[PDB]
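Below is one structure, written out as structure tokens; comments come after it.
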Amino acid sequence: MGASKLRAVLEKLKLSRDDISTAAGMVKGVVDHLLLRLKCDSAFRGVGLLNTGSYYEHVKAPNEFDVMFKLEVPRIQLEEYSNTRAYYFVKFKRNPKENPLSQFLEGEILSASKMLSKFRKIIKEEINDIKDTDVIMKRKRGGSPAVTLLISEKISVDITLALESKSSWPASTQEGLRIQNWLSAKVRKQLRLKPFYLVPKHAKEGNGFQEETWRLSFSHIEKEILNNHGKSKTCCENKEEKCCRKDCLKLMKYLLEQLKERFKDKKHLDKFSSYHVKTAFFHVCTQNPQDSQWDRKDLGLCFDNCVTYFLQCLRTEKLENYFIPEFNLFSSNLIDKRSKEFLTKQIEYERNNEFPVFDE
Ligand SMILES: Nc1nc2c(ncn2[C@@H]2O[C@@H]3COP(=O)(O)O[C@H]4[C@@H](O)[C@H](n5cnc6c(N)ncnc65)O[C@@H]4COP(=O)(O)O[C@H]3[C@H]2O)c(=O)[nH]1
Ligand SMILES: [Zn+2]
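Just so you know, the sequence shown maps onto residues 160 to 219, 222 to 521 in PDB author numbering.
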């Protein structure tokens, strides 16, 4: 696949400033209103908008948004659930004083399902006729921590609640974030000093679910790594140091998106998301730390590599969480073999035929 061809694909995917500003405007309005109302409750008094960009989370329908609501919770003690390395029970190190979330305390362990239920109930109750815009809440997805809204019957916004911990990161993230040879150890050091988040996601237990667990989240770190991606600090700040990392990520995401859209009737690709792609891309970034390995003239090659590695992850059924190395996103427990084989087939076909799926 030619680099000029790929860059032409990315070129035709660019949206005008008007659409971006309009959609961002509507989303911002709804979000701000929901914050102002969410602060009416003592449990969600310290709620706030977490900076993850909140834009460009969909190349092309680019009306789908993703915002994250951080909730500052002080002095929490985490307990790793069944060595899942990613799912924890939330407790409090010292709780003599009445906790704002005490209404959600199922004993010593903070209930995730109750907080999520309350959150969803507040939002659902306060998106009706209070807005000079038409907002509807989408059907509750199975085991999804997100609360999705539809604005003006065109804009989708995923709202995820997240507990915030300014404590040091869990021990499961010790060997994670291998950006030493890429973004330097100093950057990793200052990054690990930043807080980490927890989303109300239950873990699988054979043929049952816990609903009391929370999953680690480092979306903000992902944003930071994304916007500052070069070994050189001046990467992509001049013509001589223009790389093709972001182009590769965009192309991968668009490939997965187009494949998911094409086989929407089937249920094979439903569990696959742009996060898997992003993770694989991060691993590839670790494998190729030099900016010279991401030269803009080698877009075709680099992207190819990004495809190949992704395929490897599908074939070997191994895709380690970039922050939690022992957490496998492509385990057989999460995604079945048949789905991964299907995706593999579609991708191999696309690459073998000069990506006809980009022609739309
Ligand atoms: N900003 C943010 N949103 C999250 C996070 N975790 C879940 N969400 C939201 O809930 C939706 C479904 O969550 P799921 O955990 O039940 O299945 C997810 C999960 O299995 C996996 N995944 C996505 N982000 C992940 C993440 N940050 N960590 C671990 N797994 C993740 O891919 C599935 C679909 O992701 P999606 O990006 O299209 O939408 C998320 C996403 O909009 C999160 O950590 N950060
Ligand atoms: Zn760059």
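Every residue gets a Cβ at the ideal spot worked out from N, C-alpha and C, and that includes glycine.
Heavy atom of ligand 2 within 6 angstroms of residue i beta-carbon
i, result
"residue 397", "yes"
"residue 467", "no"
"residue 446", "no"
"residue 184", "no"
"residue 404", "yes"
"residue 391", "yes"
Chain-order list of residues whose beta-carbon lies under 7 angstroms from that of residue i (same chain, five-residue window excluded)
i, result
"residue 342", "450"
"residue 217", "225"
"residue 397", "391, 403, 404"
"residue 323", "209, 229, 230, 231, 232, 358, 359, 360, 378"
"residue 463", "405, 409, 455"
"residue 393", "402, 452"
"residue 365", "494"
"residue 490", "437, 440, 480, 482"
Residue i: CB within 6 angstroms of a non-hydrogen atom of ligand 1
i, result
"residue 461", "no"
"residue 500", "no"
"residue 428", "no"
"residue 190", "no"
"residue 380", "yes"
"residue 306", "yes"
"residue 436", "yes"
"residue 362", "yes"
"residue 276", "no"
"residue 319", "yes"
"residue 413", "no"
"residue 160", "no"
"residue 298", "no"
Cβ-based burial, residue i [other Cβ within 10 Å; buried from 16]
i, result
"residue 351", "exposed"
"residue 423", "exposed"
"residue 176", "exposed"
"residue 346", "exposed"
"residue 246", "buried"
"residue 494", "exposed"
"residue 448", "exposed"
"residue 521", "exposed"
"residue 517", "exposed"
"residue 288", "buried"
"residue 325", "buried"
"residue 435", "buried"
"residue 199", "exposed"
"residue 291", "exposed"
Which residues DSSP lists as bridging residue i, in chain order
i, result
"residue 326", "357"
"residue 229", "209, 321"
"residue 489", "481"
"residue 241", "249"
"residue 309", "319"
"residue 365", "370"
Sequence-distant residues of its chain with Cβ nearer than 8 angstroms to residue i (five each side left out)
i, result
"residue 255", "236"
"residue 433", "417, 421, 496, 500, 504"
"residue 262", "202, 234, 271, 276"
Nonlocal neighbours in the same chain, by C-beta distance under 6 angstroms from residue i, ignoring five residues either side
i, result
"residue 221", "Residue numbering in the chain jumps from 219 to 222; residue 221, which lies between, is not modelled."
"residue 297", "311"
Worksheet item: In chain order, which alpha helix (DSSP H) runs of at least 4 residues are fully inside the region 263-304?
Response: Here the runs fully enclosed are 273-286.
Fill in: Length-filtered (4 minimum) alpha helix (DSSP H) runs lying within the region 371-456
DSSP runs (the alpha helix (DSSP H)) wholly in the region 371-456: 380-388, 406-423, 435-448.
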